[PDB]
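Asker: Below is the structure I would like to discuss, written out as structure tokens.
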Amino acid sequence: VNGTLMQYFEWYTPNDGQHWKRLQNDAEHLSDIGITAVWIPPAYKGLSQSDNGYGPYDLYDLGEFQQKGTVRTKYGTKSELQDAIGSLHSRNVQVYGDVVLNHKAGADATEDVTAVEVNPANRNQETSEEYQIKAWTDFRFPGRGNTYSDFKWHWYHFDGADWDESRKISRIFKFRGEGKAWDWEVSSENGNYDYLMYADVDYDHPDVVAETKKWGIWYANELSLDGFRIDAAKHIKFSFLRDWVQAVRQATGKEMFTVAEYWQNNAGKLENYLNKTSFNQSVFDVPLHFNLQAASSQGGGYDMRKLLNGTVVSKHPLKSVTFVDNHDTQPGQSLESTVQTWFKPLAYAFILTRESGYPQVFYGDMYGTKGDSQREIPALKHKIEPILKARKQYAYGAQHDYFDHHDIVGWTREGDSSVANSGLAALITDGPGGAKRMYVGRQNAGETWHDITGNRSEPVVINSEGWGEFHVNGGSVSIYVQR
Ligand SMILES: OC[C@H]1O[C@H](O[C@H]2[C@H](O)[C@@H](O)[C@@H](O[C@H]3[C@H](O)[C@@H](O)[C@@H](O)O[C@@H]3CO)O[C@@H]2CO)[C@H](O)[C@@H](O)[C@@H]1O
Ligand SMILES: [Ca+2]
Ligand SMILES: [Ca+2]
Ligand SMILES: [Ca+2]
Ligand SMILES: [Ca+2]
Ligand code: NA
């Protein structure tokens with residue numbers, strides 16, 4: 001069976017403490033539509049109750065300790081999350097946990113630290129003489145005590161921070177101490193992009209590295225996770241991320257599928273990350289996201305023959321996680337670059353019915369986003385489900401590509417003898433509709449095939465040679481399968 005990942009959250013999921021219950025109630029439905037793995041949001045306590053999880057305070061508080069004025073996280077309590085994972089698991093759906101290791105936010109108090117300012121466009125350059133600041137680096141975990149881990153954090157466990165409480169100014173401060181320096185290797189944008197926001201963890205510190213490995217093993221075992229999504233990978237020492245993943249696999253004996261968020265629209269740089277991590281993890285195909293978005297926004301003028309150009313999936317198909325949109329690219333967000341609604345079903349056809357890549361479905365696209373703009377994503381589940389059924393039941397066997405026209409492009413899947421009635425013919429167009437003759441296999445000769453999306457009502461008959469003439473409406477998608 002073809003695997004399909006589901007991102008189970010959007011930026012504006014409500015702070016009602018019921019997200020784990022929602023997941024538990026949706027488990028049967030997700031298993032019935034073909035989802036094989038769910039990516040859940042950061043499950044540990046944030047700087048406040050309403051933080052989405054990307055400003056993590058305590059990685060060992062999964063919503064059971066009274067800290068930051070709340071027991072539960074935004075999403076719910078620990079026992080509610082364990083019950084949700086339990087329902088997914090009894091329906092053979094895997095669970096991937098979001099892992100936020102770059103920084104820590106919401107310290108309990110400030111400490112005095114000697115620091116220097118650096119050039120925001122070249123963090124290897126120091127731009128001030130050293131002086132004293134009051135930084136938020138003291139993490140004590142008053143509501144947890146020593147439960148699970150007695151480690152406490154201090155300034156010397158971080159490389160730098162962005163706020164001096166003394167002067168009430170925001171700069172990029174690098175701390176002075178024993179062997180203090182920005183980690184390497186990281187992205188070389190801005191000279192060295194180790195530093196991002198909040199208090200930046202120092203992955204040169206031996207105790208920090210050992211503790212974070214231990215935490216990783218604990219987390220996987222405490223929730224029985226099947227894999228991980230690594231946040232902000234380009235800002236974290238690459239060799240450390242390689243070793244951390246390996247240590248968790250060594251201790252659990254599990255495969256621990258892992259996908260890293262390496263946010264850069266450049267295949268060469270993504271390839272550098274795969275090599276530096278010994279190919280032990282996949283990456284999200286950022287470039288493909290931008291190609292799809294570009295196509296959706298040029299009103300038919302995009303050359304559809306170029307959709308694969310510069311993508312990770314054309315070079316390292318087995319290590320790519322393909323996606324249409326996510327919580328960062330949705331409207332109003334930091335990396336906003338939404339795939340226009342009219343093209344969204346065409347983009348889902350492209351990632352769900354092609355043989356390469358591991359495709360992700362966005363929660364926001366299935367159910368609608370609840371942000372406050374006038375351009376929110378509408379609920380598209382009634383248009384996506386038919387394509388997911390095409391992936392689950394027909395997308396098997398040899399593939400043939402027809403990237404031969406600036407608007408109308410298609411592909412076919414011959415089917416596999418072990419999946420009864422499998423096989424399909426897909427066509428998409430960023431402009432006027434039309435036709436294309438394509439080969440689906442001589443073993444399907446004589447069959448009556450129909451558009452499972454319902455966009456076209458006229459069936460097509462496969463000729464005695466295994467070729468059919470397929471049609472597609474303007475700015476639309478058609479996916480033909482056995483009637
Ligand atoms: O529970 C569903 C399914 O889970 C298990 O399969 C997982 C794989 O073990 C895991 O590797 C991953 O597969 C992806 C590849 O790693 C990637 O390179 C590319 O080829 O795409 C694959 C997904 O199609 O994910 C699947 C789950 O999605 C288990 O092996 C199955 O038997 C089980 O039914
Ligand atoms: Ca360092
Ligand atoms: Ca960093
Ligand atoms: Ca075009
Ligand atoms: Ca057939
Ligand atoms: Na660092």
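In the structure tokens, chains take letters A, B, ... by order of appearance, with residues numbered from 1 within each chain and ligands from 1 in the order shown.
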Set the distance at 10 Å and use only C-alpha atoms: which residues neighbour residue 85 of chain A once local chain neighbours fewer than 5 positions away are removed? I'd like the list as a ChimeraX atom specification.
Answerer: /A:20,23-24,27,38,40,79-80,90,93-95,223-225
Asker: When DSSP is applied to the backbone of this structure, which of segment 27-229 of chain A are assigned helix (DSSP H, G or I)? Write them out as a PyMOL selection string.
Answerer: chain A and resi 27-33+78-89+155-157+206-223
Asker: Write the residues of the preceding selection, restricted to N, CA and C atoms, as a compact mmCIF listing (two decimals), in the first residue's frame.
Answerer:
# COMPACT_ATOMS: atom_id res chain seq x y z
N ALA A 27 -9.52 9.02 14.15
CA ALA A 27 -8.67 7.90 13.77
C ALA A 27 -9.28 6.92 12.78
N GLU A 28 -10.53 6.52 12.98
CA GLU A 28 -11.13 5.59 12.02
C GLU A 28 -11.22 6.20 10.64
N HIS A 29 -11.65 7.46 10.62
CA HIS A 29 -11.85 8.16 9.35
C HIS A 29 -10.54 8.29 8.59
N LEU A 30 -9.47 8.68 9.29
CA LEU A 30 -8.17 8.83 8.63
C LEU A 30 -7.75 7.45 8.12
N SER A 31 -7.85 6.42 8.99
CA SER A 31 -7.47 5.10 8.43
C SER A 31 -8.33 4.75 7.20
N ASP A 32 -9.64 5.01 7.22
CA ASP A 32 -10.47 4.67 6.05
C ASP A 32 -10.08 5.43 4.78
N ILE A 33 -9.60 6.69 4.82
CA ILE A 33 -9.25 7.36 3.57
C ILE A 33 -7.84 7.07 3.07
N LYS A 78 -1.47 15.13 28.84
CA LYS A 78 -0.70 13.95 28.40
C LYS A 78 -1.57 12.71 28.19
N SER A 79 -2.45 12.41 29.16
CA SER A 79 -3.25 11.19 29.04
C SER A 79 -4.18 11.26 27.83
N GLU A 80 -4.63 12.44 27.42
CA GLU A 80 -5.47 12.56 26.24
C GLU A 80 -4.65 12.26 24.97
N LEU A 81 -3.40 12.70 24.97
CA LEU A 81 -2.53 12.39 23.82
C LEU A 81 -2.22 10.89 23.76
N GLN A 82 -1.97 10.27 24.92
CA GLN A 82 -1.70 8.82 24.91
C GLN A 82 -2.90 8.03 24.40
N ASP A 83 -4.11 8.37 24.82
CA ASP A 83 -5.32 7.73 24.29
C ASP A 83 -5.46 7.97 22.79
N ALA A 84 -5.13 9.16 22.28
CA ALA A 84 -5.26 9.39 20.83
C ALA A 84 -4.29 8.50 20.07
N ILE A 85 -3.06 8.41 20.57
CA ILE A 85 -2.04 7.59 19.90
C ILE A 85 -2.47 6.12 19.94
N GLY A 86 -3.12 5.75 21.05
CA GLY A 86 -3.63 4.39 21.19
C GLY A 86 -4.70 4.09 20.13
N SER A 87 -5.65 5.01 19.92
CA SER A 87 -6.61 4.76 18.86
C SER A 87 -6.00 4.72 17.47
N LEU A 88 -4.98 5.56 17.23
CA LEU A 88 -4.38 5.49 15.87
C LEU A 88 -3.72 4.13 15.65
N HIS A 89 -2.96 3.72 16.65
CA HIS A 89 -2.17 2.50 16.59
C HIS A 89 -3.09 1.29 16.41
N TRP A 155 22.81 30.01 31.34
CA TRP A 155 23.40 30.67 30.17
C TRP A 155 24.47 29.87 29.46
N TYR A 156 25.34 29.15 30.16
CA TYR A 156 26.46 28.49 29.50
C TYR A 156 26.04 27.31 28.64
N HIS A 157 24.77 26.95 28.62
CA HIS A 157 24.24 25.89 27.77
C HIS A 157 23.74 26.46 26.42
N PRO A 206 29.05 19.25 25.71
CA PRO A 206 28.92 17.80 25.85
C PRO A 206 27.74 17.38 26.69
N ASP A 207 27.38 18.12 27.72
CA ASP A 207 26.28 17.74 28.60
C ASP A 207 24.95 17.99 27.87
N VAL A 208 24.94 19.08 27.10
CA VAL A 208 23.75 19.39 26.31
C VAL A 208 23.46 18.26 25.31
N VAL A 209 24.52 17.77 24.64
CA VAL A 209 24.36 16.73 23.63
C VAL A 209 23.87 15.42 24.25
N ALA A 210 24.45 15.05 25.41
CA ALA A 210 24.04 13.83 26.08
C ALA A 210 22.61 13.90 26.61
N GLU A 211 22.24 15.04 27.17
CA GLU A 211 20.89 15.23 27.73
C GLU A 211 19.82 15.18 26.63
N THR A 212 20.11 15.83 25.53
CA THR A 212 19.19 15.88 24.39
C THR A 212 19.04 14.51 23.76
N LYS A 213 20.08 13.68 23.73
CA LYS A 213 19.95 12.31 23.26
C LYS A 213 19.06 11.52 24.23
N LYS A 214 19.28 11.72 25.52
CA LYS A 214 18.47 11.02 26.51
C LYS A 214 16.98 11.42 26.47
N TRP A 215 16.79 12.72 26.27
CA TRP A 215 15.43 13.21 26.16
C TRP A 215 14.74 12.56 24.96
N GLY A 216 15.48 12.46 23.84
CA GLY A 216 14.93 11.89 22.61
C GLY A 216 14.47 10.44 22.81
N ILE A 217 15.30 9.66 23.51
CA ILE A 217 14.96 8.27 23.80
C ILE A 217 13.72 8.23 24.69
N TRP A 218 13.67 9.11 25.69
CA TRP A 218 12.53 9.15 26.62
C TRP A 218 11.22 9.46 25.91
N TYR A 219 11.30 10.47 25.03
CA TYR A 219 10.12 10.94 24.31
C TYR A 219 9.53 9.85 23.41
N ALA A 220 10.36 9.25 22.58
CA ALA A 220 9.95 8.13 21.74
C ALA A 220 9.31 6.98 22.53
N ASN A 221 9.86 6.63 23.68
CA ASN A 221 9.35 5.56 24.52
C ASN A 221 8.13 5.99 25.32
N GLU A 222 8.12 7.22 25.82
CA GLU A 222 6.94 7.65 26.60
C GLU A 222 5.66 7.70 25.78
N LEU A 223 5.76 8.12 24.51
CA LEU A 223 4.56 8.15 23.68
C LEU A 223 4.48 7.03 22.66
Asker: Which residues sit within 7 Å of ligand 2, counting only C-alpha atoms and all ligand atoms, listed as a PyMOL selection string?
Answerer: chain A and resi 159+180-183+202-204
Asker: Using only C-alpha atoms and all ligand atoms, find each residue in chain A having at least one atom no more than 8 Å away from ligand 3; report its shortest atom-to-atom pair and that distance in Å (one decimal), rows by chain then rising number, as CSV.
Answerer:
residue,atom,partner,partner_atom_place_in_ligand_line,distance
A:102,CA,ligand 3,1 (Ca),4.8
A:103,CA,ligand 3,1 (Ca),6.6
A:182,CA,ligand 3,1 (Ca),7.9
A:183,CA,ligand 3,1 (Ca),7.2
A:193,CA,ligand 3,1 (Ca),7.2
A:194,CA,ligand 3,1 (Ca),3.8
A:195,CA,ligand 3,1 (Ca),4.8
A:196,CA,ligand 3,1 (Ca),6.2
A:200,CA,ligand 3,1 (Ca),5.3
A:201,CA,ligand 3,1 (Ca),6.1
A:202,CA,ligand 3,1 (Ca),7.4
A:235,CA,ligand 3,1 (Ca),4.4
A:236,CA,ligand 3,1 (Ca),4.7
A:237,CA,ligand 3,1 (Ca),7.3
Asker: Using only C-alpha atoms and all ligand atoms, pick whichever of A:158, A:39, A:148, A:238 has the shortest atom-to-atom distance to ligand 6.
Answerer: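 Answer, going by the shortest atom-to-atom distance: A:158.
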Asker: Quick one: residues within 12 Å of ligand 5, with only C-alpha atoms and all ligand atoms, as an MDAnalysis selection string?
Answerer: chainID A and resid 394:397 413:425 440:449 461:462 466 480:483
Asker: Emit the selected residues as a PDB file, in the first residue's frame, including C-alpha atoms.
Answerer:
ATOM      1  CA  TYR A 394      -5.167   2.611  -8.189  1.00  0.00           C
ATOM      2  CA  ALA A 395      -1.731   4.224  -8.210  1.00  0.00           C
ATOM      3  CA  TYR A 396       0.423   1.119  -8.678  1.00  0.00           C
ATOM      4  CA  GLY A 397       2.771  -0.204 -11.352  1.00  0.00           C
ATOM      5  CA  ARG A 413       0.215   4.095 -13.972  1.00  0.00           C
ATOM      6  CA  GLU A 414      -0.059   0.649 -15.561  1.00  0.00           C
ATOM      7  CA  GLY A 415      -1.466  -1.021 -12.441  1.00  0.00           C
ATOM      8  CA  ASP A 416      -0.059  -4.070 -10.611  1.00  0.00           C
ATOM      9  CA  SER A 417      -1.472  -7.607 -10.901  1.00  0.00           C
ATOM     10  CA  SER A 418      -1.560  -7.961  -7.104  1.00  0.00           C
ATOM     11  CA  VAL A 419      -3.905  -4.927  -6.730  1.00  0.00           C
ATOM     12  CA  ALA A 420      -7.109  -5.812  -8.566  1.00  0.00           C
ATOM     13  CA  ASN A 421      -8.248  -3.145 -11.037  1.00  0.00           C
ATOM     14  CA  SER A 422      -5.291  -0.871 -10.292  1.00  0.00           C
ATOM     15  CA  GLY A 423      -3.977   1.562 -12.918  1.00  0.00           C
ATOM     16  CA  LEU A 424      -4.846   5.170 -13.810  1.00  0.00           C
ATOM     17  CA  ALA A 425      -4.384   8.049 -16.258  1.00  0.00           C
ATOM     18  CA  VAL A 440      -1.627   2.575 -19.821  1.00  0.00           C
ATOM     19  CA  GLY A 441      -0.493  -0.937 -20.656  1.00  0.00           C
ATOM     20  CA  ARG A 442      -1.580  -3.602 -23.111  1.00  0.00           C
ATOM     21  CA  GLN A 443      -2.923  -5.643 -20.177  1.00  0.00           C
ATOM     22  CA  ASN A 444      -5.675  -3.028 -19.750  1.00  0.00           C
ATOM     23  CA  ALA A 445      -6.854  -3.192 -23.394  1.00  0.00           C
ATOM     24  CA  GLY A 446     -10.636  -3.084 -23.923  1.00  0.00           C
ATOM     25  CA  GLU A 447     -11.459  -1.661 -20.452  1.00  0.00           C
ATOM     26  CA  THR A 448     -13.930   1.100 -19.707  1.00  0.00           C
ATOM     27  CA  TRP A 449     -12.195   3.783 -17.597  1.00  0.00           C
ATOM     28  CA  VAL A 461     -12.247   3.009 -23.735  1.00  0.00           C
ATOM     29  CA  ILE A 462      -8.711   1.582 -23.770  1.00  0.00           C
ATOM     30  CA  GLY A 466      -3.238  -0.261 -24.462  1.00  0.00           C
ATOM     31  CA  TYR A 480      -9.241   7.909 -15.025  1.00  0.00           C
ATOM     32  CA  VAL A 481      -9.526   4.477 -13.501  1.00  0.00           C
ATOM     33  CA  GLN A 482     -11.397   1.270 -14.179  1.00  0.00           C
ATOM     34  CA  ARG A 483     -15.149   1.727 -14.195  1.00  0.00           C
TER      35      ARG A 483
END
Asker: Report as a VMD selection string which protein, DNA and RNA residues come within 9 Å of ligand 1, using only C-alpha atoms and all ligand atoms.
Answerer: chain A and resid 1 to 5 35 to 38 89 91 to 95 226 to 227 255 to 258 281 to 282 317 to 321 355 to 359
Asker: Take the residues that were just selected and, keeping C-alpha atoms, output them as a compact mmCIF listing (two decimals), in the first residue's frame.
Answerer:
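File selection_16.txt, as written:
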# COMPACT_ATOMS: atom_id res chain seq x y z
CA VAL A 1 0.00 0.00 0.00
CA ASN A 2 1.17 3.53 -0.80
CA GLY A 3 2.00 5.48 2.37
CA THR A 4 0.44 8.90 2.93
CA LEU A 5 1.37 11.34 5.72
CA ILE A 35 -3.64 7.91 5.79
CA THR A 36 -0.79 5.76 7.10
CA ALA A 37 1.08 8.23 9.34
CA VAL A 38 0.16 11.38 11.30
CA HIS A 89 -2.17 2.50 16.59
CA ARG A 91 -5.97 1.11 13.25
CA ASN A 92 -2.42 0.72 11.93
CA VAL A 93 -1.66 4.42 11.57
CA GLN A 94 1.85 5.54 12.64
CA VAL A 95 2.64 8.64 14.70
CA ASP A 226 7.06 5.70 15.18
CA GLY A 227 9.07 8.66 13.81
CA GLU A 255 13.04 2.26 12.17
CA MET A 256 12.06 5.76 13.40
CA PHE A 257 11.28 7.36 10.03
CA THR A 258 12.51 10.99 10.17
CA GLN A 281 16.67 11.04 6.96
CA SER A 282 14.43 12.65 4.35
CA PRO A 317 13.01 10.43 -4.83
CA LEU A 318 13.34 8.11 -1.82
CA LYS A 319 14.38 10.94 0.51
CA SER A 320 11.74 13.52 -0.37
CA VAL A 321 8.55 14.29 1.50
CA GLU A 355 5.40 7.02 -8.00
CA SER A 356 8.10 9.06 -6.28
CA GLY A 357 8.15 10.89 -3.02
CA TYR A 358 6.34 10.45 0.27
CA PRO A 359 3.31 12.78 0.05
Asker: Kindly assemble as CSV a list of the chain A residues that lie within 9 Å of ligand 4, each paired with its nearest atom pair and their distance in Å to one decimal, using only C-alpha atoms and all ligand atoms, sorted first by chain and then by ascending residue number.
Answerer:
residue,atom,partner,partner_atom_place_in_ligand_line,distance
A:295,CA,ligand 4,1 (Ca),7.7
A:298,CA,ligand 4,1 (Ca),8.1
A:299,CA,ligand 4,1 (Ca),7.9
A:300,CA,ligand 4,1 (Ca),4.3
A:301,CA,ligand 4,1 (Ca),4.4
A:302,CA,ligand 4,1 (Ca),4.2
A:303,CA,ligand 4,1 (Ca),4.6
A:304,CA,ligand 4,1 (Ca),5.3
A:305,CA,ligand 4,1 (Ca),8.4
A:405,CA,ligand 4,1 (Ca),8.0
A:406,CA,ligand 4,1 (Ca),4.6
A:407,CA,ligand 4,1 (Ca),3.7
A:408,CA,ligand 4,1 (Ca),7.5
A:429,CA,ligand 4,1 (Ca),7.2
A:430,CA,ligand 4,1 (Ca),5.2
A:431,CA,ligand 4,1 (Ca),5.8
A:432,CA,ligand 4,1 (Ca),8.9
Asker: Running DSSP on the backbone, which parts of segment 37-175 of chain A land in strand (DSSP E or B), as a PyMOL selection string?
Answerer: chain A and resi 37-40+45-46+56-58+67+70+94-99+103-104+109-119+122-126+131-139+153+158-161+164+169+173-175
Asker: May I ask which of the residues A:186, A:71, A:288, A:199 is the closest one to residue 313 of chain A, counting only C-alpha atoms?
Answerer: A:288
Asker: Could you tell me which of A:64, A:150, A:458, A:325 comes closest to residue 366 of chain A if we count only C-alpha atoms?
Answerer: A:325
Asker: So, counting only C-alpha atoms, which residue among A:274, A:267, A:352, A:426 is closest to residue 412 of chain A?
Answerer: A:426
Asker: Grab the atom CA of residue 410 of chain A to atom CA of residue 296 of chain A distance for me, in Å with one decimal place.
Answerer: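 Atom CA of residue 410 of chain A sits 16.6 Å away from atom CA of residue 296 of chain A.
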Asker: With only C-alpha atoms as the counted atoms, please give the residues lying no more than 9 Å from segment 136-139 of chain A, apart from itself and same-chain residues fewer than 5 positions off, as a list in words.
Answerer: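 Surrounding residues, per the criterion: residues 57, 58, 104, 105, 106, 107, 108, 109, 110, 111, 152, 153, 154, 155, 156, 157, 158, 161, 163, 164, 165, 198 and 199 of chain A.
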Asker: Which is closer to ligand 6 than all the others in A:187, A:114, A:272, A:463, using only C-alpha atoms and all ligand atoms?
Answerer: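 Closest to ligand 6 of all the choices is A:187.
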Asker: Fewer than 6 positions away in the same chain doesn't count, so skip those; otherwise give me all residues within 7 Å of residue 338 of chain A, counting only C-alpha atoms, as a list in words.
Answerer: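 Once the adjacent positions are removed, what remains is residues 293, 325, 329, 330 and 331 of chain A.
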